[PDB]
>>> print(open('structure01.pdb').read())   # PDB, C-alpha atoms
MODEL        1
ATOM      1  CA  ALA D   1       0.000   0.000   0.000
ATOM      2  CA  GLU D   2      -0.127   2.591  -1.872
ATOM      3  CA  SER D   3      -3.489   4.389  -1.136
ATOM      4  CA  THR D   4      -2.777   6.303   2.145
ATOM      5  CA  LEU D   5       0.104   8.536   3.254
ATOM      6  CA  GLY D   6       1.244   6.347   6.169
ATOM      7  CA  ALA D   7       1.196   3.100   4.180
ATOM      8  CA  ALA D   8       2.979   4.796   1.229
ATOM      9  CA  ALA D   9       5.703   6.082   3.536
ATOM     10  CA  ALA D  10       6.094   2.680   5.215
ATOM     11  CA  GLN D  11       7.103   1.043   1.882
ATOM     12  CA  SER D  12      10.390   2.990   2.188
ATOM     13  CA  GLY D  13      10.656   2.318   5.948
ATOM     14  CA  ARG D  14       9.342   5.770   6.872
ATOM     15  CA  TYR D  15       6.318   7.251   8.567
ATOM     16  CA  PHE D  16       3.838   9.925   7.688
ATOM     17  CA  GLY D  17       2.379  11.552  10.772
ATOM     18  CA  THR D  18       0.184  14.322  12.059
ATOM     19  CA  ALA D  19      -0.384  16.528  15.063
ATOM     20  CA  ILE D  20      -3.455  15.423  17.010
ATOM     21  CA  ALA D  21      -5.441  17.747  19.284
ATOM     22  CA  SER D  22      -7.310  16.108  22.188
ATOM     23  CA  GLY D  23     -10.294  18.474  21.690
ATOM     24  CA  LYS D  24     -10.895  17.080  18.194
ATOM     25  CA  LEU D  25     -11.087  13.382  19.137
ATOM     26  CA  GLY D  26     -14.877  13.728  19.622
ATOM     27  CA  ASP D  27     -14.986  14.831  15.979
ATOM     28  CA  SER D  28     -15.761  11.739  13.808
ATOM     29  CA  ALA D  29     -14.860  13.309  10.456
ATOM     30  CA  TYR D  30     -11.516  14.320  11.956
ATOM     31  CA  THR D  31     -10.691  10.927  13.484
ATOM     32  CA  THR D  32     -11.759   9.124  10.325
ATOM     33  CA  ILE D  33      -9.147  10.957   8.233
ATOM     34  CA  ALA D  34      -6.470  10.861  10.978
ATOM     35  CA  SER D  35      -6.847   7.128  11.637
ATOM     36  CA  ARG D  36      -6.866   6.176   7.959
ATOM     37  CA  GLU D  37      -4.002   8.371   6.662
ATOM     38  CA  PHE D  38      -1.307   8.572   9.347
ATOM     39  CA  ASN D  39       0.865   6.053  11.198
ATOM     40  CA  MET D  40       2.522   8.560  13.536
ATOM     41  CA  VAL D  41       1.004  10.973  16.046
ATOM     42  CA  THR D  42       2.322  14.021  17.916
ATOM     43  CA  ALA D  43       0.268  15.664  20.645
ATOM     44  CA  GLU D  44      -0.234  19.250  19.537
ATOM     45  CA  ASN D  45      -0.225  20.685  23.138
ATOM     46  CA  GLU D  46      -0.948  17.936  25.695
ATOM     47  CA  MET D  47       2.710  16.898  26.308
ATOM     48  CA  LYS D  48       4.201  20.373  26.792
ATOM     49  CA  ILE D  49       5.486  21.482  30.223
ATOM     50  CA  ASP D  50       2.406  23.477  31.290
ATOM     51  CA  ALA D  51       0.245  20.559  30.185
ATOM     52  CA  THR D  52       2.197  17.875  32.145
ATOM     53  CA  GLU D  53       3.624  19.660  35.180
ATOM     54  CA  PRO D  54       1.355  22.699  35.710
ATOM     55  CA  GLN D  55       2.088  22.536  39.425
ATOM     56  CA  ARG D  56       5.588  21.992  40.799
ATOM     57  CA  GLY D  57       6.321  18.304  41.336
ATOM     58  CA  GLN D  58       2.752  17.218  40.356
ATOM     59  CA  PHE D  59       2.282  15.676  36.968
ATOM     60  CA  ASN D  60      -0.906  15.700  34.908
ATOM     61  CA  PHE D  61      -1.023  13.092  32.225
ATOM     62  CA  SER D  62      -4.783  12.913  31.398
ATOM     63  CA  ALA D  63      -4.861  14.835  28.102
ATOM     64  CA  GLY D  64      -1.473  13.500  27.022
ATOM     65  CA  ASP D  65      -2.727   9.974  27.683
ATOM     66  CA  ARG D  66      -5.949  10.586  25.780
ATOM     67  CA  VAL D  67      -3.897  11.404  22.632
ATOM     68  CA  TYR D  68      -1.414   8.593  23.335
ATOM     69  CA  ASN D  69      -4.204   6.060  23.872
ATOM     70  CA  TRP D  70      -6.075   7.081  20.690
ATOM     71  CA  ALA D  71      -2.803   6.773  18.693
ATOM     72  CA  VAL D  72      -1.918   3.314  19.985
ATOM     73  CA  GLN D  73      -5.484   1.993  19.622
ATOM     74  CA  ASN D  74      -5.435   3.089  15.974
ATOM     75  CA  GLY D  75      -1.996   1.618  15.172
ATOM     76  CA  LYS D  76       0.240   4.699  15.339
ATOM     77  CA  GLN D  77       3.557   5.417  16.983
ATOM     78  CA  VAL D  78       3.895   8.671  18.903
ATOM     79  CA  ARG D  79       6.427  11.477  19.013
ATOM     80  CA  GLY D  80       6.683  13.291  22.331
ATOM     81  CA  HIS D  81       6.497  17.108  22.146
ATOM     82  CA  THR D  82       8.266  18.576  24.213
ATOM     83  CA  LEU D  83      10.424  18.201  27.357
ATOM     84  CA  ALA D  84      12.406  21.446  27.630
ATOM     85  CA  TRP D  85      11.398  24.751  26.106
ATOM     86  CA  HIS D  86      11.675  28.511  26.822
ATOM     87  CA  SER D  87       7.958  28.903  25.931
ATOM     88  CA  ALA D  88       4.740  27.600  27.516
ATOM     89  CA  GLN D  89       6.414  27.242  30.917
ATOM     90  CA  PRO D  90       4.115  27.145  33.943
ATOM     91  CA  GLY D  91       4.254  30.194  36.237
ATOM     92  CA  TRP D  92       6.209  28.293  38.913
ATOM     93  CA  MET D  93       9.002  27.393  36.443
ATOM     94  CA  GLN D  94       9.196  30.883  34.858
ATOM     95  CA  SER D  95       9.987  32.203  38.362
ATOM     96  CA  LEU D  96      12.964  29.848  38.764
ATOM     97  CA  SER D  97      16.572  30.531  37.876
ATOM     98  CA  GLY D  98      20.030  29.007  38.035
ATOM     99  CA  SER D  99      20.643  25.637  39.648
ATOM    100  CA  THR D 100      17.050  25.447  40.943
ATOM    101  CA  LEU D 101      15.695  25.920  37.399
ATOM    102  CA  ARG D 102      18.234  23.393  36.150
ATOM    103  CA  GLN D 103      17.021  20.798  38.640
ATOM    104  CA  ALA D 104      13.349  21.463  37.783
ATOM    105  CA  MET D 105      14.199  20.944  34.126
ATOM    106  CA  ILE D 106      15.832  17.586  34.976
ATOM    107  CA  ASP D 107      12.962  16.498  37.262
ATOM    108  CA  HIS D 108      10.463  17.414  34.523
ATOM    109  CA  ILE D 109      12.283  15.280  31.963
ATOM    110  CA  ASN D 110      12.366  12.340  34.387
ATOM    111  CA  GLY D 111       8.708  12.610  35.340
ATOM    112  CA  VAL D 112       7.329  12.895  31.801
ATOM    113  CA  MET D 113       9.708  10.337  30.145
ATOM    114  CA  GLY D 114       9.245   8.047  33.153
ATOM    115  CA  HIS D 115       5.461   8.071  32.664
ATOM    116  CA  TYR D 116       5.710   7.208  28.963
ATOM    117  CA  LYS D 117       8.832   4.981  29.231
ATOM    118  CA  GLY D 118       8.971   2.535  26.312
ATOM    119  CA  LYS D 119       5.832   4.029  24.707
ATOM    120  CA  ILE D 120       7.361   6.946  22.732
ATOM    121  CA  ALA D 121       9.287   6.512  19.461
ATOM    122  CA  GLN D 122      10.941   9.949  19.504
ATOM    123  CA  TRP D 123      11.127  12.802  21.993
ATOM    124  CA  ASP D 124      11.608  16.451  21.180
ATOM    125  CA  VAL D 125      13.830  16.801  24.225
ATOM    126  CA  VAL D 126      14.805  20.422  23.564
ATOM    127  CA  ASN D 127      12.685  22.762  21.487
ATOM    128  CA  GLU D 128      13.493  26.083  19.868
ATOM    129  CA  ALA D 129      16.691  27.020  21.746
ATOM    130  CA  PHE D 130      18.065  29.227  18.943
ATOM    131  CA  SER D 131      17.414  32.913  18.374
ATOM    132  CA  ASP D 132      15.740  34.427  15.338
ATOM    133  CA  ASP D 133      17.897  37.571  15.576
ATOM    134  CA  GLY D 134      20.315  36.530  12.815
ATOM    135  CA  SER D 135      23.304  35.939  15.141
ATOM    136  CA  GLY D 136      23.053  32.127  14.859
ATOM    137  CA  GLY D 137      23.287  31.939  18.689
ATOM    138  CA  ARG D 138      21.160  30.689  21.579
ATOM    139  CA  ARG D 139      18.060  32.450  22.891
ATOM    140  CA  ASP D 140      18.594  34.378  26.076
ATOM    141  CA  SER D 141      16.100  32.290  28.052
ATOM    142  CA  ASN D 142      15.956  31.435  31.732
ATOM    143  CA  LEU D 143      17.194  27.975  30.619
ATOM    144  CA  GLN D 144      20.215  29.393  28.734
ATOM    145  CA  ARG D 145      20.954  31.579  31.796
ATOM    146  CA  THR D 146      21.497  28.350  33.808
ATOM    147  CA  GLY D 147      24.523  27.807  31.589
ATOM    148  CA  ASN D 148      25.293  26.814  28.003
ATOM    149  CA  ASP D 149      25.525  23.112  28.940
ATOM    150  CA  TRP D 150      21.750  22.974  29.699
ATOM    151  CA  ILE D 151      20.921  21.358  26.327
ATOM    152  CA  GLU D 152      23.651  18.725  26.690
ATOM    153  CA  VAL D 153      22.316  18.036  30.218
ATOM    154  CA  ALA D 154      18.745  17.698  28.985
ATOM    155  CA  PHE D 155      19.889  15.129  26.401
ATOM    156  CA  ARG D 156      21.953  13.055  28.878
ATOM    157  CA  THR D 157      19.046  13.143  31.368
ATOM    158  CA  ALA D 158      16.591  12.032  28.685
ATOM    159  CA  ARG D 159      18.824   9.128  27.570
ATOM    160  CA  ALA D 160      18.761   7.723  31.117
ATOM    161  CA  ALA D 161      15.025   8.388  31.598
ATOM    162  CA  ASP D 162      14.082   6.279  28.517
ATOM    163  CA  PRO D 163      16.933   4.538  26.690
ATOM    164  CA  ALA D 164      14.569   3.250  23.965
ATOM    165  CA  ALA D 165      13.446   6.657  22.720
ATOM    166  CA  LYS D 166      15.165   8.548  19.907
ATOM    167  CA  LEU D 167      16.151  11.981  21.337
ATOM    168  CA  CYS D 168      15.540  14.906  19.021
ATOM    169  CA  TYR D 169      16.536  18.583  18.910
ATOM    170  CA  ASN D 170      13.522  20.382  17.311
ATOM    171  CA  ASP D 171      13.458  23.898  15.815
ATOM    172  CA  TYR D 172      12.008  26.096  13.089
ATOM    173  CA  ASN D 173      13.753  28.292  10.521
ATOM    174  CA  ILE D 174      16.590  25.769  10.345
ATOM    175  CA  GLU D 175      15.680  24.382   6.912
ATOM    176  CA  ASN D 176      17.520  26.891   4.673
ATOM    177  CA  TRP D 177      21.160  25.813   4.511
ATOM    178  CA  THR D 178      22.361  29.457   4.146
ATOM    179  CA  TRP D 179      20.652  30.826   7.260
ATOM    180  CA  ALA D 180      22.674  31.711  10.355
ATOM    181  CA  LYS D 181      20.162  29.908  12.596
ATOM    182  CA  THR D 182      20.569  26.769  10.553
ATOM    183  CA  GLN D 183      24.355  26.987  10.857
ATOM    184  CA  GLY D 184      24.213  27.659  14.590
ATOM    185  CA  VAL D 185      22.217  24.466  15.049
ATOM    186  CA  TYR D 186      24.451  22.512  12.667
ATOM    187  CA  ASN D 187      27.483  23.627  14.670
ATOM    188  CA  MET D 188      25.881  22.641  18.009
ATOM    189  CA  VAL D 189      24.999  19.198  16.710
ATOM    190  CA  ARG D 190      28.475  18.694  15.274
ATOM    191  CA  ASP D 191      30.007  19.661  18.653
ATOM    192  CA  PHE D 192      27.599  17.275  20.379
ATOM    193  CA  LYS D 193      28.644  14.392  18.111
ATOM    194  CA  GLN D 194      32.357  15.179  18.647
ATOM    195  CA  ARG D 195      31.874  15.162  22.440
ATOM    196  CA  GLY D 196      29.554  12.168  22.691
ATOM    197  CA  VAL D 197      26.407  14.079  23.663
ATOM    198  CA  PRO D 198      23.425  11.710  23.059
ATOM    199  CA  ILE D 199      21.389  13.356  20.306
ATOM    200  CA  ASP D 200      19.817  10.879  17.902
ATOM    201  CA  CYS D 201      17.863  13.143  15.632
ATOM    202  CA  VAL D 202      17.256  16.723  14.465
ATOM    203  CA  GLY D 203      13.662  17.776  13.867
ATOM    204  CA  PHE D 204      12.980  20.397  11.194
ATOM    205  CA  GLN D 205       9.643  21.936  11.986
ATOM    206  CA  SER D 206       9.194  22.865   8.318
ATOM    207  CA  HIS D 207       6.723  25.694   8.702
ATOM    208  CA  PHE D 208       7.129  27.173   5.201
ATOM    209  CA  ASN D 209       5.546  30.567   4.538
ATOM    210  CA  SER D 210       6.385  34.034   3.250
ATOM    211  CA  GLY D 211       8.680  34.791   6.243
ATOM    212  CA  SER D 212      10.442  31.402   5.866
ATOM    213  CA  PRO D 213       9.993  30.090   2.334
ATOM    214  CA  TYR D 214      10.925  26.625   1.103
ATOM    215  CA  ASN D 215      14.306  26.528  -0.652
ATOM    216  CA  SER D 216      15.603  23.530  -2.609
ATOM    217  CA  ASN D 217      18.765  23.699  -0.385
ATOM    218  CA  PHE D 218      16.602  21.927   2.230
ATOM    219  CA  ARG D 219      17.970  18.634   0.798
ATOM    220  CA  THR D 220      21.488  19.912   1.464
ATOM    221  CA  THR D 221      20.489  20.788   4.989
ATOM    222  CA  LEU D 222      19.102  17.305   5.528
ATOM    223  CA  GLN D 223      22.136  15.624   3.970
ATOM    224  CA  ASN D 224      24.655  17.657   5.975
ATOM    225  CA  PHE D 225      22.912  16.952   9.254
ATOM    226  CA  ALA D 226      22.577  13.253   8.452
ATOM    227  CA  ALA D 227      26.332  13.061   7.703
ATOM    228  CA  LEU D 228      27.042  14.174  11.287
ATOM    229  CA  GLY D 229      25.698  10.795  12.425
ATOM    230  CA  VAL D 230      22.130  11.774  13.347
ATOM    231  CA  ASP D 231      18.702  11.024  11.906
ATOM    232  CA  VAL D 232      16.467  13.821  10.592
ATOM    233  CA  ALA D 233      12.730  14.269  10.642
ATOM    234  CA  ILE D 234      10.298  16.794   9.293
ATOM    235  CA  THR D 235       8.186  17.463  12.405
ATOM    236  CA  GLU D 236       5.595  20.179  11.898
ATOM    237  CA  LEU D 237       5.166  20.547   8.165
ATOM    238  CA  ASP D 238       2.758  23.033   6.737
ATOM    239  CA  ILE D 239       3.043  25.195   3.630
ATOM    240  CA  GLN D 240       1.299  28.578   3.289
ATOM    241  CA  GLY D 241      -0.967  28.185   0.229
ATOM    242  CA  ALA D 242      -0.388  24.427   0.090
ATOM    243  CA  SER D 243       1.359  24.379  -3.275
ATOM    244  CA  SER D 244       1.482  20.862  -4.773
ATOM    245  CA  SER D 245       5.005  21.366  -6.095
ATOM    246  CA  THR D 246       6.345  22.539  -2.712
ATOM    247  CA  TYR D 247       4.637  19.610  -0.975
ATOM    248  CA  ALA D 248       6.148  17.171  -3.509
ATOM    249  CA  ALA D 249       9.590  18.829  -3.175
ATOM    250  CA  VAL D 250       9.665  18.532   0.609
ATOM    251  CA  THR D 251       8.551  14.938   0.314
ATOM    252  CA  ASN D 252      11.288  14.082  -2.196
ATOM    253  CA  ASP D 253      13.888  15.792  -0.024
ATOM    254  CA  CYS D 254      13.038  13.350   2.791
ATOM    255  CA  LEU D 255      12.905  10.379   0.418
ATOM    256  CA  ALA D 256      16.360  11.339  -0.870
ATOM    257  CA  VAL D 257      18.007  11.128   2.581
ATOM    258  CA  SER D 258      18.165   7.648   3.980
ATOM    259  CA  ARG D 259      18.389   8.893   7.597
ATOM    260  CA  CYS D 260      15.181  10.879   7.121
ATOM    261  CA  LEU D 261      12.758   9.041   9.361
ATOM    262  CA  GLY D 262       9.545  10.561   8.065
ATOM    263  CA  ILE D 263       7.316  13.575   7.817
ATOM    264  CA  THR D 264       4.746  14.888  10.233
ATOM    265  CA  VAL D 265       2.256  17.464   8.981
ATOM    266  CA  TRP D 266       1.019  19.903  11.669
ATOM    267  CA  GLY D 267      -2.702  19.048  11.504
ATOM    268  CA  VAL D 268      -5.303  16.945   9.739
ATOM    269  CA  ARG D 269      -7.499  19.541   7.976
ATOM    270  CA  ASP D 270      -6.938  23.177   7.091
ATOM    271  CA  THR D 271      -9.571  24.061   9.722
ATOM    272  CA  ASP D 272      -7.483  22.334  12.434
ATOM    273  CA  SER D 273      -4.356  24.386  11.652
ATOM    274  CA  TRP D 274      -2.808  27.033  13.901
ATOM    275  CA  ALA D 275      -2.703  28.921  10.576
ATOM    276  CA  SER D 276      -6.153  27.943   9.239
ATOM    277  CA  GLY D 277      -6.341  31.159   7.176
ATOM    278  CA  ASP D 278      -3.212  30.001   5.304
ATOM    279  CA  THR D 279      -4.938  26.634   4.366
ATOM    280  CA  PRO D 280      -1.544  24.990   4.635
ATOM    281  CA  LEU D 281      -2.411  21.271   5.024
ATOM    282  CA  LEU D 282      -3.388  18.262   2.850
ATOM    283  CA  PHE D 283      -7.171  18.137   3.532
ATOM    284  CA  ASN D 284      -9.860  20.810   3.282
ATOM    285  CA  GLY D 285     -12.182  21.711   6.189
ATOM    286  CA  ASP D 286     -14.847  19.457   4.592
ATOM    287  CA  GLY D 287     -12.411  16.546   4.599
ATOM    288  CA  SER D 288     -11.692  16.438   0.860
ATOM    289  CA  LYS D 289      -8.159  15.832  -0.335
ATOM    290  CA  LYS D 290      -6.328  18.846  -1.720
ATOM    291  CA  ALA D 291      -4.213  18.741  -4.857
ATOM    292  CA  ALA D 292      -1.148  18.650  -2.550
ATOM    293  CA  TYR D 293      -2.391  15.355  -1.070
ATOM    294  CA  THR D 294      -2.068  13.662  -4.472
ATOM    295  CA  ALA D 295       1.368  15.195  -5.042
ATOM    296  CA  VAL D 296       2.621  13.926  -1.674
ATOM    297  CA  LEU D 297       1.121  10.444  -2.198
ATOM    298  CA  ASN D 298       2.665  10.113  -5.678
ATOM    299  CA  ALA D 299       6.073  11.126  -4.335
ATOM    300  CA  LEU D 300       5.879   8.593  -1.492
ATOM    301  CA  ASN D 301       4.795   5.857  -3.933
ATOM    302  CA  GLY D 302       7.515   6.976  -6.355
ATOM    303  CA  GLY D 303       9.968   5.666  -3.725
TER     304      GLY D 303
ENDMDL
END
>>> encode(input="structure01.pdb", output="structure tokens")
Amino acid sequence: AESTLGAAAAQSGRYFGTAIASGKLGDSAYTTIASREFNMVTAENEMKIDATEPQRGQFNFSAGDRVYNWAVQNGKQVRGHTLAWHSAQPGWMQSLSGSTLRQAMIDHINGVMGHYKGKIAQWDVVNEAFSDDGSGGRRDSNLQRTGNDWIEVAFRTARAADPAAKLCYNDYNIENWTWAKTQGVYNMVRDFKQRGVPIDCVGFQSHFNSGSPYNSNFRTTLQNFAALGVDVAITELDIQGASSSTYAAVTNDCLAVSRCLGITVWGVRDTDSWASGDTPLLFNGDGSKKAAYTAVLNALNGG
């Protein structure tokens, strides 16, 4: 198979996934498409820090588990999103600094990975640690202010919390090979591999739009990262305007890189998108397949 995105991807040993929102699981038209077309699931919001540890030292896994349980009951693997992030921090964590913040970050990783131990294919361990200011450096977050080694520490912590999970660094605007942000990440990952820091994968969010357009040098990005000795994944794909050719291009970029694990689109239907006005996904609000759907499917079936 052949007739659905997930099955097409699996012929080449890859997955095609989607972001699932827990609020939409009571929507039958939504779950019909999602169950049929995808073999990988990411929780859109339910596995973030404020979702899982909204109070200090007390974990809340209900919504996360609702997504996880739906995925597993419908034959999907799951990517965890996300363990350590400057954004969406609960009030109690935002207040913390230094060694106390560092320990909270560690304890969060242990609690969330511990709960899902063995159940999660890939974790976005660190998310969005690089600046968009053009310097190619780290954000000045509370996390970064604990010390530059925070990311390395997060990764070593996560390895011990669930040895079976692939550990991913996830970011956006790191797809264009010529961008400073891209190079800053490439240089961190290279350093990590030289020093034996346990990163298994780099996730390329792949939000393509007018402020961050697709460039054919994406394949070069993927190839260069892969050659460092990591896997690569496309984690949050959407394309402003949903051009068929751009969707096919992105697909063929992944298919061209053997260490490209698969592609996750960030939503099922245009209506489900964080950018619904951009109609950037593979299905319309009424559940019909867009032209891009066919382009992606043909590319996956084309090997």
>>> resolve_selection(input="structure01.pdb", expression="the PyMOL selection byres ((chain D and resi 280) around 7)", output="PyMOL selection string")
chain D and resi 238-242+270+278-279+281
>>> residues_near_point(input="structure01.pdb", point="(15.5, 13.3, 28.4)", cutoff="12 Å", atoms="only C-alpha atoms", output="short mmCIF file (atom, residue, chain, number, x, y, z; two decimals) with C-alpha atoms, in the coordinates of the input")
data_model
loop_
_atom_site.label_atom_id
_atom_site.label_comp_id
_atom_site.auth_asym_id
_atom_site.auth_seq_id
_atom_site.Cartn_x
_atom_site.Cartn_y
_atom_site.Cartn_z
CA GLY D 80 6.68 13.29 22.33
CA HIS D 81 6.50 17.11 22.15
CA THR D 82 8.27 18.58 24.21
CA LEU D 83 10.42 18.20 27.36
CA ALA D 84 12.41 21.45 27.63
CA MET D 105 14.20 20.94 34.13
CA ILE D 106 15.83 17.59 34.98
CA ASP D 107 12.96 16.50 37.26
CA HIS D 108 10.46 17.41 34.52
CA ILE D 109 12.28 15.28 31.96
CA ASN D 110 12.37 12.34 34.39
CA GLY D 111 8.71 12.61 35.34
CA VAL D 112 7.33 12.90 31.80
CA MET D 113 9.71 10.34 30.14
CA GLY D 114 9.24 8.05 33.15
CA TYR D 116 5.71 7.21 28.96
CA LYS D 117 8.83 4.98 29.23
CA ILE D 120 7.36 6.95 22.73
CA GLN D 122 10.94 9.95 19.50
CA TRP D 123 11.13 12.80 21.99
CA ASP D 124 11.61 16.45 21.18
CA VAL D 125 13.83 16.80 24.22
CA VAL D 126 14.80 20.42 23.56
CA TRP D 150 21.75 22.97 29.70
CA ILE D 151 20.92 21.36 26.33
CA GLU D 152 23.65 18.73 26.69
CA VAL D 153 22.32 18.04 30.22
CA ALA D 154 18.74 17.70 28.98
CA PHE D 155 19.89 15.13 26.40
CA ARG D 156 21.95 13.06 28.88
CA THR D 157 19.05 13.14 31.37
CA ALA D 158 16.59 12.03 28.68
CA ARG D 159 18.82 9.13 27.57
CA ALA D 160 18.76 7.72 31.12
CA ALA D 161 15.02 8.39 31.60
CA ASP D 162 14.08 6.28 28.52
CA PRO D 163 16.93 4.54 26.69
CA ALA D 164 14.57 3.25 23.96
CA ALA D 165 13.45 6.66 22.72
CA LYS D 166 15.16 8.55 19.91
CA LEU D 167 16.15 11.98 21.34
CA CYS D 168 15.54 14.91 19.02
CA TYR D 169 16.54 18.58 18.91
CA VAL D 197 26.41 14.08 23.66
CA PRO D 198 23.42 11.71 23.06
CA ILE D 199 21.39 13.36 20.31
CA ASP D 200 19.82 10.88 17.90
#
>>> closest_residue(input="structure01.pdb", among="D:77, D:95, D:55, D:245", to="residue 40 of chain D", atoms="all atoms listed in the file")
D:77
>>> resolve_selection(input="structure01.pdb", expression="the PyMOL selection byres ((chain D and resi 222) around 9)", output="number ranges by chain")
D: 175, 177, 204, 217-221, 223-227, 231-233, 253-254, 257, 259-260
>>> write_last_selection(input="structure01.pdb", atoms="C-alpha atoms", output="PDB file, keeping the file's coordinate frame")
ATOM      1  CA  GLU D 175      15.680  24.382   6.912  1.00  0.00           C
ATOM      2  CA  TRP D 177      21.160  25.813   4.511  1.00  0.00           C
ATOM      3  CA  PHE D 204      12.980  20.397  11.194  1.00  0.00           C
ATOM      4  CA  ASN D 217      18.765  23.699  -0.385  1.00  0.00           C
ATOM      5  CA  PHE D 218      16.602  21.927   2.230  1.00  0.00           C
ATOM      6  CA  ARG D 219      17.970  18.634   0.798  1.00  0.00           C
ATOM      7  CA  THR D 220      21.488  19.912   1.464  1.00  0.00           C
ATOM      8  CA  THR D 221      20.489  20.788   4.989  1.00  0.00           C
ATOM      9  CA  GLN D 223      22.136  15.624   3.970  1.00  0.00           C
ATOM     10  CA  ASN D 224      24.655  17.657   5.975  1.00  0.00           C
ATOM     11  CA  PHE D 225      22.912  16.952   9.254  1.00  0.00           C
ATOM     12  CA  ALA D 226      22.577  13.253   8.452  1.00  0.00           C
ATOM     13  CA  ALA D 227      26.332  13.061   7.703  1.00  0.00           C
ATOM     14  CA  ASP D 231      18.702  11.024  11.906  1.00  0.00           C
ATOM     15  CA  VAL D 232      16.467  13.821  10.592  1.00  0.00           C
ATOM     16  CA  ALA D 233      12.730  14.269  10.642  1.00  0.00           C
ATOM     17  CA  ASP D 253      13.888  15.792  -0.024  1.00  0.00           C
ATOM     18  CA  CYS D 254      13.038  13.350   2.791  1.00  0.00           C
ATOM     19  CA  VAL D 257      18.007  11.128   2.581  1.00  0.00           C
ATOM     20  CA  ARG D 259      18.389   8.893   7.597  1.00  0.00           C
ATOM     21  CA  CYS D 260      15.181  10.879   7.121  1.00  0.00           C
TER      22      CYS D 260
END
>>> atom_distance(input="structure01.pdb", atom1="atom CA of residue 129 of chain D", atom2="atom CA of residue 272 of chain D")
26.3 Å
>>> closest_residue(input="structure01.pdb", among="D:7, D:230, D:51, D:291", to="residue 189 of chain D", atoms="all atoms listed in the file")
D:230
>>> resolve_selection(input="structure01.pdb", expression="the PyMOL selection byres ((chain D and resi 286) around 9)", output="MDAnalysis selection string")
chainID D and resid 29 269 271 283:285 287:288
>>> atom_distance(input="structure01.pdb", atom1="atom CA of residue 75 of chain D", atom2="atom CA of residue 276 of chain D")
27.3 Å
>>> axis_aligned_box(input="structure01.pdb", around="segment 4-17 of chain D", padding_each_side="6 Å", output="lines of an AutoDock Vina configuration file")
center_x = 3.9
center_y = 6.3
center_z = 6.0
size_x = 25.4
size_y = 22.5
size_z = 21.5
>>> atom_distance(input="structure01.pdb", atom1="atom CA of residue 149 of chain D", atom2="atom CA of residue 121 of chain D")
25.1 Å
>>> residues_around(input="structure01.pdb", residues="residue 11 of chain D", least_positions_apart="2", cutoff="10 Å", atoms="only C-alpha atoms", output="PDB file with C-alpha atoms, in the coordinates of the input")
ATOM      1  CA  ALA D   1       0.000   0.000   0.000  1.00  0.00           C
ATOM      2  CA  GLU D   2      -0.127   2.591  -1.872  1.00  0.00           C
ATOM      3  CA  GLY D   6       1.244   6.347   6.169  1.00  0.00           C
ATOM      4  CA  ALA D   7       1.196   3.100   4.180  1.00  0.00           C
ATOM      5  CA  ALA D   8       2.979   4.796   1.229  1.00  0.00           C
ATOM      6  CA  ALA D   9       5.703   6.082   3.536  1.00  0.00           C
ATOM      7  CA  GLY D  13      10.656   2.318   5.948  1.00  0.00           C
ATOM      8  CA  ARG D  14       9.342   5.770   6.872  1.00  0.00           C
ATOM      9  CA  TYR D  15       6.318   7.251   8.567  1.00  0.00           C
ATOM     10  CA  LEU D 300       5.879   8.593  -1.492  1.00  0.00           C
ATOM     11  CA  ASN D 301       4.795   5.857  -3.933  1.00  0.00           C
ATOM     12  CA  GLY D 303       9.968   5.666  -3.725  1.00  0.00           C
TER      13      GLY D 303
END
>>> closest_residue(input="structure01.pdb", among="D:194, D:142, D:205, D:42", to="residue 171 of chain D", atoms="all atoms listed in the file")
D:205
